[PDB]
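**Student:** Chains as they are written, first to last, in the deposited numbering: chain R, 375 to 494; chain G, 375 to 496; chain A, 250 to 496; chain F, 146 to 504; chain B, 364 to 435; chain X, 364 to 435; chain V, 146 to 218; chain E, 1 to 131; chain U, 43 to 363.
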Amino acid sequence: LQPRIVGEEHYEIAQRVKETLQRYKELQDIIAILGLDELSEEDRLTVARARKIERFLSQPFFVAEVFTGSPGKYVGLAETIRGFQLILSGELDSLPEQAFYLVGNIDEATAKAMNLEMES
Amino acid sequence: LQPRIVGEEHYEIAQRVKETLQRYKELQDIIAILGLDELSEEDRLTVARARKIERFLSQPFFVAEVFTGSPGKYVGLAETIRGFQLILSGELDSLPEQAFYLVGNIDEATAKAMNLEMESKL
Amino acid sequence: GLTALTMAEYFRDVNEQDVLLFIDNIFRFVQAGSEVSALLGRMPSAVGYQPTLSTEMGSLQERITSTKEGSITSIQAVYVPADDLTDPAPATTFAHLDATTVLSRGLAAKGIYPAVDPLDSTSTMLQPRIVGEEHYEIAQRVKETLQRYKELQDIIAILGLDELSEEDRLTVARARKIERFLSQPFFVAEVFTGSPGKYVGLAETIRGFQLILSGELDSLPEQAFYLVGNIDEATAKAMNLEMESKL
Amino acid sequence: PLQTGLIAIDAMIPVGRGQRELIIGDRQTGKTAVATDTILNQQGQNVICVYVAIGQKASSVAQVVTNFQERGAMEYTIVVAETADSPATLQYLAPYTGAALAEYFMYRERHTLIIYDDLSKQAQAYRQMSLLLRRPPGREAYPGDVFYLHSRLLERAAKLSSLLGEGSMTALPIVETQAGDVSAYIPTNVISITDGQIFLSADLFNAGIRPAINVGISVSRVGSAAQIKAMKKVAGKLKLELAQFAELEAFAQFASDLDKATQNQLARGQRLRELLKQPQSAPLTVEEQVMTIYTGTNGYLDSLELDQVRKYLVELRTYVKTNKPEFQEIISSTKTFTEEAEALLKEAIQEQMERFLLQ
Amino acid sequence: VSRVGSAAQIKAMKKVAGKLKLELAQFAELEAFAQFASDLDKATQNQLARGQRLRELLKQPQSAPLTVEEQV
Amino acid sequence: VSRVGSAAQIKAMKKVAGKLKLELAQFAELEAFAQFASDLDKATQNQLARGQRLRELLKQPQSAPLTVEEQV
Amino acid sequence: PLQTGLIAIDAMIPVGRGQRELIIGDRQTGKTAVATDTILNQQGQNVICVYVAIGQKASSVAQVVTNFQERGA
Amino acid sequence: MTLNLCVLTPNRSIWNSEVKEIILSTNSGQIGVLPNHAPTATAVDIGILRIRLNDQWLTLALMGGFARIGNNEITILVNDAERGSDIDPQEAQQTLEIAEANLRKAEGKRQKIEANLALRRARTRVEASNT
Amino acid sequence: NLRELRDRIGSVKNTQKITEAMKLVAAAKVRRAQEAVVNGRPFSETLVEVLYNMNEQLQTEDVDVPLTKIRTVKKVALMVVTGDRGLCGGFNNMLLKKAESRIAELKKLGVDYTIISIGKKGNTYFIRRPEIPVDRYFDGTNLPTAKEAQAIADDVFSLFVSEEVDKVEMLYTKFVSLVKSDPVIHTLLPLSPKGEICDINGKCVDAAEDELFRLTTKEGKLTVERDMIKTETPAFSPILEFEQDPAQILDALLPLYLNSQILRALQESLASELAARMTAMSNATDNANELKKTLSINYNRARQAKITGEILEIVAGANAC
Ligand SMILES: Nc1ncnc2c1ncn2[C@@H]1O[C@H](COP(=O)(O)OP(=O)(O)OP(=O)(O)O)[C@@H](O)[C@H]1O
Ligand SMILES: Nc1ncnc2c1ncn2[C@@H]1O[C@H](COP(=O)(O)OP(=O)(O)OP(=O)(O)O)[C@@H](O)[C@H]1O
Ligand SMILES: [Mg+2]
Ligand SMILES: [Mg+2]
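What follows is the structure in structure tokens.
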């Protein structure tokens, strides 16, 4: 993970995922006791995006189809870089956080976000 | 550090400095969790003096001029006793906390605070 | 500990009696075996104890049993090192234990004797297939009443009794009556206090706390349950106080 | 009782004659001063003190004997001393030499106090010999005998029967812990061996609570059987009211936003801790301790600022010493806080509070 | 820690960065303390600004070194 | 966890207890923020009071197993 | 399947025949009970149970053997 | 034996002791009361309330509202009221000077509403400090 | 280093004791704000006894009082009652979430929202963004009196009696429950001659009907329940005389009635702040309990592993010689 190897588009977003998850790593002593309610406007936005990054990092596996029953998804790197471009640019801040859990593309996170918003 | 050896003027301020810094050591936990605004005005005052005592304990050395970047200072005991009597009494509550950082005398802390007021305007 | 135990199992096997054994305490049996093993040059086990700690304890504790002739029941004091219950000296002790009686410095300050904590004392025997359902149902109501009163002590210091709900006006008055009726006079304190002790059977205990929790005895004063044995002796102390107050 | 001259000990953690009590804390907390001021208190009592100093600097043994010779303490004191230059055999046998001298007077019907200036350095001096004698070690490289070292030492110090003459040997072993690690191997042994423990904390020594007794954690297994009847009456209220202040330590920042039933307890407990503060080598007589706890635990200090509670009690202790000497005869002879002396003490308070308010 | 200090520097760097170590160390104390107060005054709020600009000076890409000219 | 989850169970258990595993996935998240919300609507107050009695299915007495017909 | 009779295993953590399944917990949490009730359920099936009690209370093993006699296990 | 009287502010009731003689200002200007007074509902001005009981007579400034009277009972609803002795005497007249300049710098309707309403609140606050 | 691990437990054990006493200080303050409303209960009971009967006696279309006077809503003021201090729930945030949605709604209507901020947590939010019109900043207070309220009443009165601002509305947190109490918005001005008090949405309660909050207990916890109390309005005596005019008496009653809806809004926003804090200090002292337990377990693992590793270095050296 160096820009002369992975590319410059891949390297600048692998940094921004790790800068987000580091800042949320540091905030889990403040939100461990007081909770989310005392965080500032910026630190709550970093908590909100890093809580969505952590679930989109997860993935269903082909091998794990006998545990959960859900089918696995191969995710290409061109799909992976653009899926984290959308969380860090904030264009998917309106979606629920459970829409990002165990979906392959960011399109499946969009289609899952509909059903969580549709079903009443 | 007994009153039969150093007198009771040195000894009574050496206790009040250690009582102030012990009190601030107990509070660093809850000002980290709950902030400075939860303290009483008695506890915000002993916090603010222990900020200023801790800076004024610091000193530029003659040997540490290649680390501090500023010239060193020999400080007498009478200049030390006079200075901590002023931080504890509250006659220096208006100066900023960085005025006491790496000064020799308490006359150097106030004259540093005059430069920090002028450069604030500049 | 073994020497004491060998006397205890003569009364069990030969005289066919039921013995109490008392080890005060069982940690000093552990540390004395830890010291001998270190003097014998044994490579120590985890956390500094003897490598034979599971069997040195097991040799003493498996002789303490109920046979067909008699039984020996051992009530043995337990010291917890570093306030660590996962330490190998309590962890090997607590495996063999069957009940824990927590005595309380705070309950002795109130004046309750015996100062056994009702909420932190446990047993493996308080199961409804063992003690029966009538005893198991009542011991849970007493614990739930005393746990609710332990929660309400901050609310009574803020509101007072008149602002609590009517359901919770009772669970303070009943729990204050249970904390008194748990106390008891002893035969060994008849020289110390003068009041004669009471042996209270299991039959009169369950019938005692059934009356306090069913609310029949909500007319009695609080200080009619303090240092009484039976639940009949509770109403006797109360009717004395109604005859002592009128004078 | 063994009167140590400190209010925080002789009221709430009482040491009796024949009791092994442990003075324990971290370094530079005041462990020697608790032991030295106990020796300095029995100038009038006929106890014989043995001060055993294992492994100390020789300069601090000379300062203790200089402290003892000025205050007349060496007329009843033996100082056993093995400086840290000495071999480890002499440091191992130095409290056994001190305990053998204290058993001489105890069997000759005389009451004794013994202080071991650090049992920690004796255990390290027997660990030194044992590891050089190739004996197999245990926790912290100590042998298995280090409990049996100190239990063979401290059990020699107790109270004898009337068939032997009722000599006593009150052991006050001093043990130094490391960063407050009470669960360390040598503190774990001596806390098991000793009846009571006197926990000294450096977070109270820096805050001004001196002697820095942590009276909450400190216990005494003899209990109130040590105290005299005058002291049982008055220190029954000091224990409860410093326990009510211990539950309300979180509320001291919030004293205004509370009812008067709680706020008076915060006001009372902050003066009851001013009772406990004594300067070094100023032990109080038992009559002076009953005055100080009767005044504080019965509402007669609530009018004063905390700067003046120290100045008021010094002037009230010198008032009854001179103006009302009949109080001391009630407590020395009857040893009970009698209804006569409770009347005589209150007349001294309201005359001192009148003279202290004028000032 | 450097145990040689400004003897290991040229005169130009010693004139400029001679106090930069102890200024950022004292700033990093007060930035961590400035999260503990809600409304903080300007003499702190100026030093929180200058301290965060002195941190931004110090960041570099890998194997793109600055000459001592560019560093002063 | 179990490594052979669905391979072990019979087809009555694979069909019926599959809805059991997804309801406790729901009810684990619904017990969180239950007292935080405290205004339980019928899209939640049903699904919580369902989930409390799913635990009452799971309670068995000691030394009394249930047959596979009785479990399904 | 190997049926334990406990609904929480047999529906949600199901043990097959040939599987190593760990019963793990703190002291006095019903570990012997889950093992004992699994043995009691093998009455109809052609499954031979073997119960190894390593280092336990002899009173505790004698209760288990009597519970097996009482229930024909 | 007389009329009883209560003067109650939006958080605190000031007077609840029986008196014989009050004389309240109003939007008319002055009304004297003796017991057996016919029931009447008036509005009260932002001014003083002079009360004469048995021996000593004193004034409690009130900041305007509503005063109805019934069968020997006077309830007075007033949105702020201070006793004429419990105001310290000169200190109101400092606060009167803070209002007297503030109407000289009053401009626009809302500053001529707010100053002149608070001036009459302040000018009738000093007149209880002397009475 | 186990000393650093013992210091972490001793500070969390300190944090648990602080955040529990802050729960009981807040428990004393909501009860003291419960008492402060019942002290003002004889005033508003008697004011509604009057105001229901002056609208009964009046019966005249010629009577128009300028606090009941309806103009066209071209401008609208909004007084928002915030907290003074932090560490209280999502109290001040959900309030300014509701203030933003009312600023948003009046831009769809396009009718020039205006803010009056009360309290230090609103003074900050309103001053920080200067592209929002605010008339006056007010010092929020615990224990509000007629005097702090009178100043708020004056700004509200003088801004309305001149025709610059119509329909002074107000949003504040009614104290409904301890953990959840949503900020609901009321329309203070123009007062209704009836005295009915109603929310912006369009639900008006009869003013003889208002509910007190009484903090009590349910099964184990500390709950608050709002019991609705009806005050019966007696008949004004037939023989009764009026001093000035039924329009001139009513012009003095409505400043009393506007002062009372402000003071009751301050005291219900006060108890909501102090119970959001009691909820926050309850959750903080129970998170610090769950933390202190797993720090005591992780210490004992590191304590025991230190001793086991220390002796095995010593027993290795004792064999190697
Ligand atoms: N009650 C007291 N008031 C004020 N100062 C005290 C008091 N007791 C002791 N000190 C001072 O505290 C310092 C440390 O006390 P001491 O020498 O008794 O410590 P220690 O516990 O023996 O520590 P170490 O074993 O490391 O010497 C001494 O300089 C002593 O003068
Ligand atoms: N399913 C159940 N229903 C009712 N009671 C039960 C159940 N399971 C266990 N118990 C009771 O719980 C107690 C502890 O159970 P058990 O002894 O089986 O667990 P354990 O962890 O093996 O204990 P130990 O570790 O002490 O050997 C027993 O006394 C038993 O009577
Ligand atoms: Mg010493
Ligand atoms: Mg078992």
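Ideal Cβ positions, reconstructed from N, Cα and C, are used throughout, including at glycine.
Could you please give me the residues that DSSP links to residue 571 of chain F through a beta bridge?
**Tutor:** The first residue shown for chain F is 146 and the last is 504, placing residue 571 of chain F beyond what the model contains.
**Student:** Roughly how many whole angstroms lie between the Cα atoms of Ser369 of chain X and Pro445 of chain R?
**Tutor:** Approximately 15 Å, taken between the alpha carbons.
**Student:** Under 8 Å: do the stretch 460-470 of chain F and the stretch 433-443 of chain F share three or more Cβ pairs, one atom per stretch?
**Tutor:** Counting Cβ pairs under 8 Å, three or more are found: they touch.
**Student:** Indicate whether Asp273 of chain A and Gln325 of chain A have their beta-carbon atoms separated by less than 9 Å.
**Tutor:** Yes.
**Student:** Does the Cβ of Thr336 of chain U have 16 or more other Cβ atoms within 10 Å, making it buried, or fewer, making it exposed?
**Tutor:** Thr336 of chain U is exposed by the Cβ-count criterion.
**Student:** Mind listing which residues of the stretch 218-243 of chain U have their C-beta closer than 8 Å to chain X's C-betas, in chain order?
**Tutor:** From the stretch 218-243 of chain U, only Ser219, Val221 and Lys222 have a Cβ closer than 8 Å to chain X.
**Student:** Are three or more beta carbon pairs between the stretch 481-488 of chain A and the stretch 302-309 of chain F nearer than 8 Å?
**Tutor:** Verdict: no, contact absent.
**Student:** At a CB-CB cut-off below 7 Å, which residues of chain C make contact with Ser365 of chain X?
**Tutor:** Of the protein chains in the structure, R, G, A, F, B, X, V, E and U, none is chain C.
**Student:** Pull up the distance between the alpha-carbon of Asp452 of chain F and that of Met498 of chain F, whole angstroms please.
**Tutor:** Cα-Cα distance, rounded: 15 Å.
**Student:** Looking at C-alpha atoms only, which residue of F:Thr407, F:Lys382, F:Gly381 and F:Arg462 is the closest neighbour of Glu392 of chain F?
**Tutor:** When each option's Cα is compared against that of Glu392 of chain F, the closest is F:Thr407.
**Student:** Against chain F, does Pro330 of chain A count as a neighbour if the rule is that its beta carbon must be under 9 Å from one of theirs?
**Tutor:** It does; some Cβ of chain F falls within 9 Å.
**Student:** Tell me whether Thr314 of chain A counts as near ligand 4, meaning its Cβ is closer than 8 Å to at least one heavy atom of that ligand.
**Tutor:** Answer for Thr314 of chain A: no, Cβ out of range of ligand 4.
**Student:** Short check: CB of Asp403 of chain G to CB of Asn56 of chain U, under 9 Å?
**Tutor:** It is a contact, given that the beta carbons lie within the stated cut-off.
**Student:** Helix, strand or coil: which one does DSSP assign to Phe396 of chain F?
**Tutor:** Correct three-state label for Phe396 of chain F: coil.
**Student:** If you measure between the beta carbons of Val179 of chain F and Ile152 of chain F, is that distance less than 9 Å?
**Tutor:** Not in contact: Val179 of chain F and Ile152 of chain F (Cβ atoms no closer than 9 Å).
**Student:** If you draw a straight line from the alpha carbon of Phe260 of chain A to that of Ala203 of chain V, how long is it in whole angstroms?
**Tutor:** Between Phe260 of chain A and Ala203 of chain V, the C-alpha separation is close to 21 Å.
**Student:** Where are the beta strand (DSSP E) runs, 3 residues long or more, that stay fully inside the stretch 297-382 of chain F, in chain order?
**Tutor:** Listed in chain order, they are 314-321 and 341-345.
**Student:** So if I threshold CB-CB distances at 9 Å, which residues from the stretch 184-204 of chain U count as touching chain R?
**Tutor:** Those residues of the stretch 184-204 of chain U that come within reach of chain R (Cβ to Cβ, closer than 9 Å) do not exist; the list is empty.
**Student:** If you measure from the CB of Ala156 of chain V, is any heavy atom of ligand 2 nearer than 8 Å?
**Tutor:** No, the beta carbon of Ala156 of chain V sits no closer than 8 Å to any heavy atom of ligand 2.
**Student:** Keeping to the same chain, check which residues put their C-beta closer than 6 Å to that of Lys112 of chain E; ignore five residues upstream and five downstream.
**Tutor:** Around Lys112 of chain E: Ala106.
**Student:** What did DSSP end up calling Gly200 of chain F once you bin it into helix, strand or coil?
**Tutor:** Of the three classes helix, strand and coil, the one that applies to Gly200 of chain F here is strand, per DSSP.
**Student:** Of the residues U:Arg345, U:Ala326 and U:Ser314, which one's Cα is nearest the Cα of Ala75 of chain U?
**Tutor:** Nearest C-alpha to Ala75 of chain U: U:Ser314.
**Student:** Are the C-beta atoms of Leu408 of chain A and some chain U residue less than 9 Å apart?
**Tutor:** Closer than 9 Å: yes.
**Student:** If you follow the alpha helix (DSSP H) that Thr95 of chain E is part of, which residue opens it and which one closes it?
**Tutor:** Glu91 to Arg104 is the span of the alpha helix (DSSP H), which, as asked, contains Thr95 of chain E.
**Student:** Going by CA-CA distance only, name the one from F:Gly200, F:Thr481, F:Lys456 and F:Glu484 that's closest to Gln504 of chain F.
**Tutor:** Selected option, being the one with the closest Cα: F:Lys456.
**Student:** Could you have a look at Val351 of chain A and say whether DSSP puts it in helix, strand or coil?
**Tutor:** In this structure, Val351 of chain A counts as coil in the three-state DSSP scheme.
**Student:** Give me the Cα-Cα distance between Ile349 of chain U and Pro293 of chain A, rounded to the nearest whole angstrom.
**Tutor:** Computed Cα separation, rounded: 11 Å.
**Student:** Please state whether DSSP places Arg268 of chain U in a helix, a strand or coil.
**Tutor:** DSSP places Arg268 of chain U in strand when its eight states are reduced to three.
**Student:** On the three-pair Cβ rule with 8 Å, is the stretch 23-35 of chain E touching the stretch 105-118 of chain U?
**Tutor:** Not touching, per the Cβ criterion.
**Student:** Any residue with its Cβ nearer than 7 Å to a heavy atom of ligand 4 should be included. What is that list in chain order?
**Tutor:** Selection output, chain order preserved: V:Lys176, V:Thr177, V:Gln201 and V:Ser205.
**Student:** What residues match up with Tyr261 of chain F in a beta bridge as DSSP calls it?
**Tutor:** F:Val197 and F:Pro318, per the DSSP bridge assignment.
**Student:** Roughly how many angstroms separate the alpha carbons of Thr211 of chain F and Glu400 of chain A, rounded to a whole number?
**Tutor:** Their backbone Cα atoms lie some 58 Å apart in a straight line.
**Student:** Return the residues of the stretch 300-322 of chain F that lie within a Cβ-Cβ distance of less than 7 Å from chain G, sorted by chain order.
**Tutor:** Listed in sequence order: no entries.
**Student:** Can you give the Cα-Cα distance for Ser432 of chain G and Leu476 of chain G, rounded to whole angstroms?
**Tutor:** Distance between the alpha carbons of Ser432 of chain G and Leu476 of chain G: 5 Å.
**Student:** Along chain R, which residues have their Cβ under 8 Å away from the Cβ of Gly368 of chain X?
**Tutor:** Going along chain R in sequence order, the residues near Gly368 of chain X (Cβ under 8 Å) are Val440 and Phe441.
**Student:** Can you pull the chain A neighbours of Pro288 of chain F, defined as C-beta to C-beta under 9 Å?
**Tutor:** Within 9 Å Cβ-Cβ: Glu284, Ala287 and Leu288.
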